[PDB]
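Summary of the model geometry
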Amino acid sequence: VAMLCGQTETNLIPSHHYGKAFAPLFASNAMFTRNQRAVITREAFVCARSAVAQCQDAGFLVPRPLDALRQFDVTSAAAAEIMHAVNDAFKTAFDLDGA
Amino acid sequence: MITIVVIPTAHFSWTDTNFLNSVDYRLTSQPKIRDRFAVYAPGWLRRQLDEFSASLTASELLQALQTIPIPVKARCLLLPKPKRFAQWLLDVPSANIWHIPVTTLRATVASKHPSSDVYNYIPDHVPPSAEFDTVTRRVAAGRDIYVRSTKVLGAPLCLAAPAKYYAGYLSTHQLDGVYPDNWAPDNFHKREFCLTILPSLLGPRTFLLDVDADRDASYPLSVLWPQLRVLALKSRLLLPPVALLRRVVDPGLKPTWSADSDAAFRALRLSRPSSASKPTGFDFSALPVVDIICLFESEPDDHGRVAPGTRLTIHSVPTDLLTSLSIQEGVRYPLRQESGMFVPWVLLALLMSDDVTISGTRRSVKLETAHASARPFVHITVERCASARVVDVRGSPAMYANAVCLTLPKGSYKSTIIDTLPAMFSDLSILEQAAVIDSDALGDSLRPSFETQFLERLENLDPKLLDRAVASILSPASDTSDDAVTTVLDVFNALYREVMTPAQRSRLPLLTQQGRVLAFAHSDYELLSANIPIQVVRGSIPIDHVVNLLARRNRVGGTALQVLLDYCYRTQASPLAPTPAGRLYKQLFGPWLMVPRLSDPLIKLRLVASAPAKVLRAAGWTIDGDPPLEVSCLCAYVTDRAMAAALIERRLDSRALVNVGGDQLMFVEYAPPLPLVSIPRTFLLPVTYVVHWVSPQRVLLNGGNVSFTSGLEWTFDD
Amino acid sequence: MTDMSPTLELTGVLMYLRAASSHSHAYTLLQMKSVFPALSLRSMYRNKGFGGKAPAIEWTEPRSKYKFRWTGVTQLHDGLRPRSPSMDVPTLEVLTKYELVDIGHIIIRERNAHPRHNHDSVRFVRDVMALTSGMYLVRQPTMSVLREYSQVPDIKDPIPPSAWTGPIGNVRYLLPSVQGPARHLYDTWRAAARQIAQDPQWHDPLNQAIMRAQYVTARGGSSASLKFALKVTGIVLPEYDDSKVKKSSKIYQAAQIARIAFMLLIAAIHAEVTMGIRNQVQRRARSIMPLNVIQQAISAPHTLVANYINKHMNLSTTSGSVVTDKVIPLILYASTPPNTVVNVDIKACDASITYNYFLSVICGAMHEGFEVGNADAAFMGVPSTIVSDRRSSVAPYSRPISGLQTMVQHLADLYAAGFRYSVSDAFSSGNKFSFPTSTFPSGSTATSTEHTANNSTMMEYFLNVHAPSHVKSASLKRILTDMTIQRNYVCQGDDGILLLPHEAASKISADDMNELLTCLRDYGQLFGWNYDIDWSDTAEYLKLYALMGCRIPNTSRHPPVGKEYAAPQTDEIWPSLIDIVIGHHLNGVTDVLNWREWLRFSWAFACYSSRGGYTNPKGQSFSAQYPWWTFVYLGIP
Amino acid sequence: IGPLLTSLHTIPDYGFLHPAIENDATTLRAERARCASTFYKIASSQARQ
Amino acid sequence: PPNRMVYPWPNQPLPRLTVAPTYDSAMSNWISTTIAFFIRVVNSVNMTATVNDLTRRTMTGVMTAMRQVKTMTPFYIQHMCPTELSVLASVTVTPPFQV
Amino acid sequence: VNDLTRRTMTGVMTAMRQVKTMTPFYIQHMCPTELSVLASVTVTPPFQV
Amino acid sequence: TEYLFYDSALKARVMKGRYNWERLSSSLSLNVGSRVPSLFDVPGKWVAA
Amino acid sequence: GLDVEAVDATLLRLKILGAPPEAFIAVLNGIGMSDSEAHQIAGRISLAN
Amino acid sequence: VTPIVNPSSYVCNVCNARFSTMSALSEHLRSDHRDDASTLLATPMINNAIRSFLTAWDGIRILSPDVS
Amino acid sequence: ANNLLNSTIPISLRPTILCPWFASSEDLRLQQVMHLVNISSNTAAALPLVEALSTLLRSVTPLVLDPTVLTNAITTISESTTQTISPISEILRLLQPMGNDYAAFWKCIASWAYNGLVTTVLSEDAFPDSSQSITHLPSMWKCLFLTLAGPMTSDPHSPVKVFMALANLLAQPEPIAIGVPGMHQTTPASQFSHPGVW
Ligand SMILES: [Zn+2]
């Protein structure tokens, strides 16, 4: 029915109609929030990976300046706890809301 | 003229004399301060928003409103139906300012179907086939607008013509609603600042006020809060309320150029020197509260040095509580009592607060108040008031003057607030301890106490199973551990259902049918399973109760039965979002805390209900005198005798079903429930009350039990 | 009219006399109510000389359509005789209490004279079952309300408090780690809520008109509570008393509401609800609990989701109610020899549905299920609002929620608070009062949707998950599998029918049946549903009775003399008696009585009804009567 | 039910409830008056079905 | 590849002057051929043996009518809809995710 | 198995495969130690083929 | 009617239908006085009930 | 409030009387049906089905 | 009236032991008061469970990766 | 905005502005992937996306769906009134406007934007029963609609499903070969949902 019953006003200029309709959308900075959140996402992700790796032995390819210090437990449980700590820290520092 | 857009918070007081006070009452402290602000926020706009709220999305509504100038100079001029409207241009020929032909006018008068022709070609005519924004666009022009419908937004809506044309075309209440707009305008003034509920384009001279509290859920524009906040956030346009007090505005705390050390900043110095002989000798529904930041510290080290300590935020503690206790900022009071418990006033502050969080972040914490934590706090200092505003209390958590039940987990400090607080005054009637119902009362009623019986049944099980259950309950990570705990739960459920329910159901009048009852329970289920018509409020306190009851050792159980009972009740309780118990406490005790601040004495009242002597004598009672007996159901307090008498002529549409036994145990029941909001907000009620004869000497002998019905009537007393 | 032997009538006389001799004639009759059907209907062909002819009914492939075909007859033989144990022992044991064992002996001996299924056998069954008392029992409404709503379900494994997330203002979502029937229930309602969420079928102005119009009827209640609550909040409602129409009518209150902005009325939903009672013939009196128009409007999402669950899962199990006769072939097919059927029904679904276990789960699922959708989209005049989200202890905040969710927020609040009824019985003297209860209103067909949905859900989980994991008999597992509700189970409100797949030329061992039925009882006990099941190779559904594909009219449920009256006064005028006669006669046709004698009795009834009169409160009298030809036109031969 | 009966003026043989009983139950809310009234009302109602 | 979107139908840039129904779009072609095929089916021998020709004459008639309706949808799909998608892709909280 | 079910089943299996579990490690490196010591103290020595 | 006609489109539809109907029924001279079911009479039915 | 059995009876009666299509349109529009669906419904009316 | 001077010493209810610091008193309550095997269920093992729970309490952490 | 709403800035000194509002594609790519990780991969994830986009589409569009001209062009066809079957009624009984203003059409369009996450399929019920013959008119009309609406869906298997839909009706007069064993020309067409069964 849709593809067989489509119709519009007689003397329609698409450019004017679309422009008049799209005007309210691009009216504020709100269209740029995702950029900022993405940036924080990146920094949070890298730091988390770095922290988890440093507690491991030669994990990934990160520098290990603190390697002189002892770290006996390397179980996955410890890694999860570390990652949660970092995740909470960033959420607190930058006052994030979503997951 | 810098503008500050304001979105009201959760319990924003609206009927206040000045909208300004509900924002932050410190702004009213100094004449030098209050003279710098305008308010606007007119009522007509408020009503329009109330209506359109159900018909526009947040984005649309914001997009529509944002362009409106501060003082709305335009009006919406409703036109009557063409048959009616056409006559106007001939009733006054000069009123035909569009000069519509006389022939057309009387052709309309003749036609069975008067057309829109009279509207046609009239400039700026808005037909019903129009949209909200069409009005708003014209509003920016300032000129009045002519419309053909009442549902319009942005400008005050008034009749274009005298009411005679609109009559019949519209009805009484409709014809009434436009009257203020018919003579709408009022001036707006050019002070330094102007607050506004109307949104606007955020910019260099427009700011968003941040109060750090949840919005008014009922307020129609609260949905705009996220979009507004984020836009302000991304441009650093938020203003903490304290910034308003400074001579020059800046977003920030602890600025360099100002020490912020002045009497204006100190919210604890609440003062009321002025007067106007107004009927509100006091409005006991409006309550000033504060959000405070307090620093906690432990014992110093071996060399007199001390740790950095931690600072927490306490939310919405009533200010009069602190003032009456002579609490002052910048003073390091001792926190711990001789026995190590908290000093009473701190406990009161916690109990009546709404929430406690870390100062910086937004994480809520339940504070411990026992010997659990190492390096425990011993000193406390209040540092500053993050916010200080008046809040509306009338009927908020509880609804009926009859009674209300508050549910709290076992181990709460209810004893402190119900005993120490009234004892701290013990001079003005607050409540009667015979009317408050301890949650443990029914458990104590059984000849072997419910706890003893539960213990006696429980010991029949193997000790190891019990040991496993207790450990599982304490250990948070012990998910379920079905075997041990479930067995105990079955015994608990079986016993409670067996004995507690009938015993509870046997105390129905004691819970509700007294003067005014305040009751505690361990779970809403305790009442629902017994069908007791009393409102139940699921409260919570911002302190860890588990550790607290772990310190109470003098009990029937060795601190292990207690935690078991605690878990059982919590399991028994229905899953729902619980509210802060402080709000209920604020509703009950809050108004009383403002009594000492008053300047003039109180005046007592009551709503005694009559009792014909016939039924009393017929019931074997020996009574002197013919006049019908009367009984005081509930006493109230005011201070302006004039308006109080002026408000005493209302006839409450709630009958009383009085019942009294031969033992003089007297009970009352209101067939239509008496709601608190029906009480005029200038009144003041005791927390609890007990019904009693107004003149016990009238009776000479109690016959049998008696019941009767009568009306209710507020009256003075001497 | 039924033309029964005097011996059976003799037993009924002794039955009534024994009941009348003791105190509380009504109570005594009520206790030993089911004796007659158990003695006769539940145990007929438990012998050796079994045989006869039986219908051969086939259920067409698209079973959802409930289409059946008569396809011949089947010879009866011993291998097809009923398998369930007889009912003689329990009934006789009960009768010993009232020393009426002679009645049982007489009935049993007479029954043993019909070893083969034919007209005589069923005719005997019809007659004996027609012996139960046909009195409309009535008791004090105060006692009735106090005895029925004083019950709370007993849950054998409550949902632990740690199984919920942080609050969303009022509701709590269910943690993913939780399994079991509750998880099944949660997912089902959530899925339905999702489907409801995006649906341009609503917001169609015509459909909106249907819903609002559906709320108004000539009857109604709770108007006084409405006027008080709104007057309490400062709302000055209009009045139209001069227009002579009852205030308590749902129409009247609806007219008062028309102008007001809806959100202003939100405080009024937490108001008292009046109640009424309708007596019954063979059970406790029913309850009528009419909500006010506003409350009925708020509960809309609950109804809508329930409807979708019904219409799109098991096709509402006939709750479309298009013509009630669709259940007739169903039970006939269900009672045929090749099929084994089990009758089930919730003990008190109205009293067992509750917030602590059930409604909380549903509210959470619906609120979560509505998350998929525009957060700012008003529904039925209810705008979106801001609510605080506390799922994350580290990152709490507030976000908008759609109008549907706002409705749920209030609806959950109301359910948690429990319904607050106000009783004002007139038969008792000066004793009106109010008390709350968790009992669901369930005053009309609007409740059948919710209970039927939950009924179907729990049954489905039991069949597919709980039973296979728990039952022991390997043969039972083999037959229990390959079975699903859409082609093995139907229900309406509490009532339900379960039929087994055709055991290959055989019947399931009663041992396995006992194992199966036992496990079902325990399964219902888990979440506090007493299932009240039975197995007697008969069909009870919506008060219809079928035996071996033959319908049995339970005439006792339509007593010739009895009629319900729920008020101290009859409050009716003489001409109405005619319509009573017409309705009375039709029942005697619907139920198959001796058509010649029934007609004779009917005319006599008509003759008496044909005449009547009236007197002015002070003045004149009036009189009239009809010519007999009227009744011919009204439908009496 | 007998003891709770008066006599009718139209048909002297049959009776109805005492006006005294219903008055006292209504006005005085007397227990025994109320109990008698309630019993009479429901007993009559059961017969009316 | 970034800043590109795939599209099941052929597409064109936005028209310049006023729009009008057309008959050379892909969708219109698909419609016409489909109708033409079914008309051929209806006239096949299989139908003739069982279907009264009068009804057959009617059925081919109504199918013919559908093929001649001057619907606007096919033009909109080819020329205007892609623009709407391209704009809205920058507005939704979740960017498009295609394969 | 339609496509939707096919992916659904696939997602379940791969999820089962991906989740971490220490059980295999315990079997290969820790369980034998526990068996060895326990066998030395149980009153009935192990019986094996 | 206000409760029934919350919006305006329905009211416009019914009014147009009623106006056209009576115009047709009289002009075409089918008949006059035909009580045709229409929404404008639904409130009337409610009031009578 | 309105009766379906009245509506279809009127529609069939109109169809038998051979009323012009706009008559059906007015009747359908009189019960809230929009013009487009009104035409759609009116077309379905036939003595055959 | 509200106190304005800290206690010179802190007191336990039954042991009559006086402590110069509340921390020392807290430990005494945390440890010495809590063996007391005198009831139907006051087993030593639950005392250990209670003792462990007491020591493990911390409700004012900003980060809490354990419970997150 | 596809160069619509063209705008520009003034030309003057702007000393101390700072607008940290941007990020690289890698950031966006990373965030998009992260977003896909924090969802349940069932329909619950896709539905809000499609719903939001569809609402936006319907919000701004010049196209208006109106079947009045189609029906007007259909009902004007003359036919005898003495026959027992009127195919016009059969057609108009189908194409029933459910009053939802054809949400399916906008739903299909929105699905394209997220075809890599969710696919739209033709409903199983909207198929001709495999037991019918081509002469069963309702079956024939159904097959016609499936053929017309085929391309609008994102399901890769839709063409085969369309082809088999007709093949079911012609299994009697016109047989063809089906590759995989266990499948026959009368198999329900909706089951052909595997690339190996073409
Ligand atoms: Zn000690």
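Presented here is a report on the structure given in the accompanying data block. (Residues numbered from 1 in each chain as written, not as in the entry; some residues may be left out. Chains lettered and ligands numbered in written order. Part of a larger assembly, values for the part shown. Heavy atoms only, no water.)

Quick word on the overall build of chain B
A count of helical and extended segments in chain B gives 25 helices and 27 strands. Out of the 718 residues in chain B, the part that is buried amounts to 54%. Within chain B, counting contacts between residues at least 6 apart in sequence, those at least 24 apart form 79% of the total. Within the structure as shown, chain B displays about 31,400 Å² of accessible surface, and the carbon and sulfur contribution to it stands at 56%. Each charge class in chain B can be summarised by its mean position, and for the 72 positive and 69 negative side chains these summaries are 7 Å apart. (Helix = DSSP H or I, 4+ residues; strand = E, 2+ residues; numbered from the N terminus. Buried < 20%, exposed > 50% of the residue type's maximum accessible area, 1.4 Å probe, protein only. Contact = heavy atoms within 4.5 Å. Areas by Shrake-Rupley, 256 points an atom, 1.4 Å probe, with all protein chains shown as cover. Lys, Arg positive; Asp, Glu negative; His and termini not counted. Charge placed at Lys NZ, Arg CZ, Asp CG, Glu CD.)

Some points on helix α2 (residues 44–56) of chain I
Between the first and last C-alpha of α2 of chain I there are 18 Å, a value that for 13 residues agrees with the 18 Å anticipated at 1.5 Å per step. Turning to α2 of chain I, its buried residues are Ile 46, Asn 47, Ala 49, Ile 50 and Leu 54 of chain I. Burial along α2 of chain I is one-sided: seen end-on, the buried residues are contained in an arc of 160°. Of the exposed residues in α2 of chain I, those oriented more than 90 degrees away from the buried face are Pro 44, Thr 55 and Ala 56 of chain I. For α2 of chain I, the elements touching its buried residues are α17 (463–474) and α22 (560–572) of chain B together with α1 (22–31) of chain I. (Expected span 1.5 Å × (residues − 1). Arc of directions from axis to C-beta.)

Some thoughts on the pattern of salt bridges
For the coordinates displayed, the defined rule picks out 50 salt bridges over all chains. The partner of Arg 42 of chain A in a salt bridge is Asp 27 of chain J, with the nearest N and O atoms 3.0 Å apart. Of this pair, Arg 42 of chain A sits in helix α2 (residues 33–55) while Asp 27 of chain J sits in helix α1 (residues 25–37), placing the two residues on different chains. Judged by its relative accessible area of 30%, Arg 42 of chain A falls in the partly exposed class. Of the charged contacts, one joins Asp 187 of chain C and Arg 190 of chain C as a salt bridge, the two residues approaching to 3.1 Å between their closest N and O atoms. Of the two residues, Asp 187 of chain C and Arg 190 of chain C are both situated in helix α8 (residues 181–197); the distance of three residues between them amounts to about one turn of the helix. (Salt bridge = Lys/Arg side-chain N within 4 Å of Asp/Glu carboxyl O.)

Examining the coordination of the zinc ion
Residue and element names in this part refer to chain I. Of the protein atoms, only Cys 12 (SG), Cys 15 (SG), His 28 (NE2) and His 33 (NE2) coordinate the zinc ion, at distances of 2.0 to 2.3 Å. Relative to the metal, the four donor atoms surrounding the zinc ion lie at angles of 80 to 130°, and the coordination shape comes out irregular. Site description for the zinc ion: donor spacing in sequence, C-x2-C-x12-H-x4-H. Here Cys 15 is found in the loop between β1 (10–11) and β2 (18–19), whereas its partner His 33 is found in the loop between α1 and α2, with 18 residues between them in sequence. (Donors = N, O, S within 2.8 Å, 3.2 Å for Na, K, Ca; no water. Tetrahedral: all angles 85-135°; square planar, octahedral: opposite > 155°, others 65-115°.)

Digging into a negative patch on the surface
Taken together, the side chains of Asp 482 and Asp 490 of chain B together with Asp 154 and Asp 157 of chain C define an acidic patch exposed on the protein surface. Here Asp 490 of chain B shows up in helix α18 (residues 482–505). Judged by relative accessible area, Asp 490 of chain B falls into the partly exposed class, the value being 42%. (Patch = residues over 30% accessible without salt bridge, like charges linked within 9 Å, V, L, I, M, F, W, Y side chains within 5 Å.)

As for the interface of chain J and chain E
Taken together, the 45 residues of chain J in the interface contact 43 residues of chain E. Here chain J and chain E share an interface that buries about 4,100 Å² over both sides, 80% of which is from carbon and sulfur atoms. Taken together, the connections running from chain J to chain E amount to zero salt bridges. For the pair chain J and chain E, the interface holds nine residue pairs in polar contact. Taken together, the elements giving at least two residues each to the side of chain J that touches chain E come down to α1, α2 (43–59), α3 (68–75), α4 (87–93), α5 (103–113) and α6 (137–149) of chain J. Looking at the side of chain J that touches chain E, its residues break down into 34 nonpolar, nine polar and two charged. (Buried area = accessible area lost by both parts, 1.4 Å probe. Polar contact = N/O pair within 3.5 Å; in protein donor to acceptor, adjacent residues only side chain to side chain. Nonpolar A, V, L, I, M, F, W, Y, C, P; charged D, E, K, R; others polar.)

A look at empty space enclosed by the protein
What the largest cavity holds in volume is close to 300 Å³. Lining of the largest cavity is provided by 17 residues; of these, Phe 284, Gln 587, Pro 591, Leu 676 and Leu 685 of chain B occupy positions nearest its centre. Classifying every residue of the lining of the largest cavity gives 11 nonpolar, three polar and three charged. One number sums up the size of the second largest cavity: a volume of about 240 Å³. Considering the residues around the second largest cavity, the lining is formed by 17 residues, among which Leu 528 of chain B together with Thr 354, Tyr 355, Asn 356 and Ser 438 of chain C are closest to the centre. Among the elements of the structure, α20 (525–528) of chain B together with α16 (355–369) and α17 (403–417) of chain C are those that each provide at least two residues to the lining of the second largest cavity. (1 Å grid on protein atoms, 1.4 Å probe; cavity = no way out; pocket = protein on both sides within 12 Å on 5 of 7 lines; lining within 4 Å. Points joined across faces, edges and corners; volume = space filled by probe spheres on them.)

Some remarks on the nonpolar core
One finds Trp 189, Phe 370 and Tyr 531 of chain C to be the most contacted residues of the largest nonpolar core, which totals 133 residues. In terms of residues, this core owes the most to one element, α16 of chain C, which gives nine residues. Ignoring any residue separated from it by four or fewer positions in sequence, one finds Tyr 531 of chain C in contact with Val 344, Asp 345, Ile 346, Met 458, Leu 520, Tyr 523 and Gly 524 of chain C. Counting residues in each nonpolar core, the second largest holds 75 residues, with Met 27, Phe 38 and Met 63 of chain E together with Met 183 of chain J among its members. (Core = buried A, V, L, I, M, F, W, Y, C linked by side-chain atoms within 4.5 Å.)

A few points about the environment of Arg 37 of chain A
Mapped onto the secondary structure, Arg 37 of chain A falls in helix α2. The residues touching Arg 37 of chain A, leaving out its near neighbours within four places in the chain, are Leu 96, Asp 97, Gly 98 and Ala 99 of chain A together with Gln 31 of chain J.

A word on the interface of chain J and chain A
Residue-level contacts link 28 residues of chain J with 27 residues of chain A. Across the chain J/chain A interface, buried area totals approximately 2,600 Å², and carbon plus sulfur atoms make up 76% of it. On the chain J side of the interface with chain A, the three residues burying the most area are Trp 21, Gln 31 and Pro 62 of chain J, jointly 23% of the side's total. Taken together, the connections running from chain J to chain A amount to one salt bridge. Summed over the shared surface of chain J and chain A, the number is four residue pairs in polar contact. At the level of elements, α1, β1 (64–65) and α6 of chain J are the ones that each hand at least two residues to the side of chain J that touches chain A. The dominant element in the side of chain J that touches chain A, judged by the number of residues it contributes, is α1 of chain J, at five residues. Of the residues assigned to the side of chain J that touches chain A, the class counts are 23 nonpolar, three polar and two charged.

Things to note about the sheet that holds strand β17 (residues 550–552) of chain C
Residue and element names in this part refer to chain C. Pairing in this open sheet of three strands is antiparallel, and the strands run β15-β16-β17 from one edge to the other. Of all the strands in the sheet, the pair left with one neighbour each is β15 (539–541) and β17. Between one strand and the next, the sheet's axes are offset by a mean angle of 30°, whatever the strand orientation. Sheet topology places strand β16 (residues 544–547) next to β17; three bridges connect them, and they run antiparallel. Within the sheet, the bridge partner assigned to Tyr 545 lies in β17 and is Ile 552. Relative to β16, helix α14 (residues 327–334) is tilted by about 35°, and along the sheet it contacts β15, β16 and β17. (Pairing = 2+ DSSP bridges. Axes fitted to C-alpha atoms, helices over the stretch in contact; angles between N-to-C directions.)

Topic: the sheet that holds strand β25 (residues 692–693) of chain B
All names here are of chain B. The antiparallel open sheet is built from three strands, whose spatial order is β19-β21-β25. Both edges of this open sheet fall to β19 (609–611) and β25, since each of them pairs with a single strand only. When β19 meets strand β21 (residues 629–632), the two strands line up antiparallel, connected through three bridges. Of the residues in β21, the one forming a bridge with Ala 611 is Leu 629.

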